[PDB]
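Undergrad:
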Ligand SMILES: *[C@@H]1O[C@H](CO)[C@@H](O)[C@H](O)[C@H]1NC(C)=O
Ligand SMILES: *[C@@H]1O[C@H](CO)[C@@H](O)[C@H](O)[C@H]1NC(C)=O
Ligand SMILES: *[C@@H]1O[C@H](CO)[C@@H](O)[C@H](O)[C@H]1NC(C)=O
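Residue numbers (the authors' numbering), protein chains in the order written: chain A, 643 to 829; chain B, 747 to 829.
#1: For the stretch 794 to 823 of chain B, which residues have a beta carbon sitting closer than 9 Å to at least one beta carbon of chain A?
#2: Between the stretch 749 to 768 of chain B and the stretch 808 to 819 of chain B, do at least 3 Cβ pairs fall closer than 8 Å?
#3: For residue 751 of chain B, return the contacting residues in chain A, with the cut-off set at a CB-CB distance below 8 Å.
#4: Would you say the beta carbon of residue 750 of chain B is closer than 7 Å to some non-hydrogen atom of ligand 2?
#5: Just confirm the distance between the C-beta atoms of residue 656 of chain A and residue 706 of chain A, as a whole number of angstroms; I'd bet it's less than 8 Å.
#6: CB of residue 800 of chain B to nearest heavy atom of ligand 3: below 7 Å?
#7: Spatial neighbours of residue 815 of chain B within its chain, please: C-beta separation below 7 Å, excluding the five flanking residues on both sides.
#8: Since residue 755 of chain A meets chain B, which of its residues come closer than 8 Å, beta carbon to beta carbon?
#9: Could you tell me which uninterrupted beta strand (DSSP E) segments, each at least 3 residues in length, are contained entirely in the stretch 722 to 748 of chain A, listed from first to last along the chain?
#10: Per DSSP, which residues does residue 687 of chain A bridge with? Please list them.
#11: Run through the DSSP bridge pairs and tell me what residue 807 of chain A is partnered with.
#12: Is residue 727 of chain A near ligand 1, judged by its Cβ being under 7 Å from some heavy atom?
#13: On the DSSP bridge list, what partners appear for residue 798 of chain B?
#14: In chain order, what residues of the same chain have a beta carbon less than 7 Å from the beta carbon of residue 691 of chain A, not counting five sequence neighbours either side?
#15: How long is the line joining the alpha carbons of residue 714 of chain A and residue 672 of chain A, rounded to whole angstroms?
#16: Tell me the DSSP secondary structure of residue 670 of chain A in three-state form.
#17: Take every Cβ of the stretch 772 to 786 of chain A, pair it with every Cβ of the stretch 773 to 790 of chain B, and state whether three or more of those distances are shorter than 8 Å.
#18: Using a Cβ-Cβ cutoff of less than 7 Å, which residues in the same chain neighbour residue 700 of chain A once the five nearest sequence positions on both sides are dropped?
Structural data, given as structure tokens:
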């Protein structure tokens with residue numbers, strides 16, 4: 643399952659509390675079932691901590707180290723999931739981003755625009771995650787995987803014309819997550 | 747100019763011509779999208795006629811209006827993009 647993280651807490655503390663969320667596997671991806679869910683922790687110190695979430699689809703974690711690696715697996719009666727995604731975050735990396743511009747405009751009641759230009763970087767970048775939230779009401783967190791090859795992408799989802807949704811595009815690093823560019827309303 | 751999210755007004759100024767003209771022909775295309783050429787027929791009399799379809803304001807578009815005579819075709823009047 644594609645697992646995504648979110649900050650819910652104060653920033654002054656050296657430690658950080660992180661909440662994970664992932665989409666439960668569907669039938670074809672499950673191969674007739676995916677019953678337990680297992681989380682394996684990892685750090686730059688290489689401290690591995692494996693826990694079994696089970697049917698629950700969210701997990702809360704906290705730690706004081708700058709770097710920590712998460713590799714969420716899935717347990718099946720045949721065995722654990724061989725191939726799973728990854729994400730790593732580092733505080734010095736989290737303070738730098740190379741994205742320059744951001745915009746949003748409803749072309750329809752079911753379509754909105756994302757446009758962005760980026761300053762050149764020095765290391766490699768793999769993908770972007772785009773999450774948007776409504777400013778009038780605090781709705782559920784919604785996002786979807788976006789690759790780095792594409793430069794301009796059509797979001798196609800149901801929308802309320804009177805409601806104005808904030809947008810925040812997050813850059814991703816191999817060992818870090820750069821700080822997002824946050825816009826409160828459509829351009 | 748884009749009046750709504752899915753339309754652009756087509757306005758122009760027609761220079762006097764010693765030879766007559768019956769109608770015109772409007773084209774619009776995207777340089778970066780490289781989409782297929784679209785065309786609806788426009789008479790020489792109507793000034794503010796326009797066609798509505800789903801566009802993208804950020805993208806770079808290409809409109810061109812040609813004058814058609816009864817004996818020849820005038821050179822294209824090509825605009826870089828909507829202002
Ligand atoms: C994380 O998983 C992906 C795909 O399963 C793999 O390509 C990548 O090398 C892994 N990273 C680490 C640090 O294990
Ligand atoms: C809304 O407009 C967009 C413009 O491209 C189009 O792709 C989409 O199908 C339209 N949706 C409806 C429900 O008409
Ligand atoms: C937006 O386009 C025109 C403005 O030129 C307007 O008359 C029309 O009603 C609008 N379209 C929709 C689908 O509301």
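Where is the CB? At the ideal position from N, CA and C, for every residue including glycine.
TA: According to the structure data:
#1: Residues 800, 801, 802, 803, 804 and 805.
#2: Output reads yes: the stretch 808 to 819 of chain B touches the stretch 749 to 768 of chain B.
#3: The answer, in chain order, is 747, 748, 749 and 750.
#4: no
#5: The beta carbons of residue 656 of chain A and residue 706 of chain A sit about 5 Å from each other, so the pair counts as a contact at 8 Å.
#6: No - ligand 3 has no heavy atom lying nearer than 7 Å to the Cβ of residue 800 of chain B.
#7: 765 and 767
#8: 802 and 804
#9: Correct list: 729 to 731.
#10: For residue 687 of chain A, no pairing in a beta bridge is given by DSSP.
#11: Per the DSSP secondary-structure output, residue 807 of chain A pairs in a beta bridge with A:776.
#12: yes
#13: B:753
#14: Closer than 7 Å at the Cβ level, and outside the excluded window around residue 691 of chain A, lie 683.
#15: The straight-line gap from Cα to Cα measures roughly 15 Å.
#16: helix
#17: no
#18: 661, 662 and 663
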